[PDB]
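A.B. asks: Numbering (the working numbering), first residue to last: 1 to 140. Handing you a structure now.
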Ligand SMILES: NC(=O)[C@H]1CCC(=O)N(C[C@H]2CCOc3ccccc32)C1
Ligand SMILES: [Zn+2]
């Protein structure tokens, strides 16, 4: 589990969104595994606006933050899980790192801010949904 809290937005994995998230929906995209809802309180996270390919992510199944090298956001085939059939997921970045289903939502960050959240993984992979192109998270 986990979310990004920027401005009056809450960014979560679409497959983990709550009823309250759907009842206060701003934007969702199944192909990216992302959903954004509105919040009453202002958050403290800031979004990275960069092309970094190195950063650090939080892994809840290890209680640890790991430094990783990751690929550029791309269209990658992801195996079937409890939440999606086997399909192509867009804006996904891959790295070598530990991962388990409960880990969706951990933040990946670089020197500029939050880059994305855990969304895919398995066999020593972990995949991150990018949020750096969502410029509207910084305003309104
Ligand atoms: N964005 C998606 O399509 C995800 C939906 C939920 C989901 O469980 N997965 C499987 C991934 C998540 C990361 O970690 C692992 C490690 C082991 C097994 C499976 C997985 C895919
Ligand atoms: Zn950066």
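C-beta: ideal position from N, C-alpha, C; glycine also.
1. For the stretch 41-118, which segments carrying the beta strand (DSSP E) assignment without a break, of at least 3 residues, lie completely within its bounds, in sequence order?
2. By how many angstroms is the C-alpha of residue 3 removed from the C-alpha of residue 115?
3. Does the CB of residue 96 have a neighbour CB from chain C at under 9 Å?
4. Taking DSSP as the reference, what is the three-state secondary structure of residue 1?
5. Determine the DSSP secondary structure at residue 137, reduced to helix, strand or coil.
6. Expressed to the nearest angstrom, what Euclidean distance is found between the alpha-carbon atoms of residue 117 and residue 108?
7. According to the neighbour-count rule (16 or more other Cβ atoms, all chains shown, within 10 Å of its Cβ), is residue 95 buried or exposed?
C.D. replies: In short, the structure shows the following:
1. 54-59, 64-69, 74-78, 87-96 and 107-110
2. Indexing the chain shown from 1 puts residue 115 at position 115. Indexing the chain shown from 1 puts residue 3 at position 3. Straight-line Cα distance between these residues: approximately 12 Å.
3. Given the protein chain composition of this structure (a single chain), no chain C is represented.
4. In the chain shown, the residue the question calls residue 1 occupies position 1. Looking at residue 1 - three-state DSSP - the assignment turns out to be coil, as it is neither helix nor strand.
5. The sequence position of residue 137 within the chain shown is 137, counting from 1. DSSP places residue 137 in helix when its eight states are reduced to three.
6. For the purposes of this step, residue 117 is taken as the residue at position 117 of the chain shown. For the purposes of this step, residue 108 is taken as the residue at position 108 of the chain shown. Spanning the two alpha carbons is a distance of roughly 6 Å.
7. Numbered from its first residue, the chain shown carries residue 95 at position 95. Classification of residue 95: buried, given that the 10 Å Cβ count is 16 or more.
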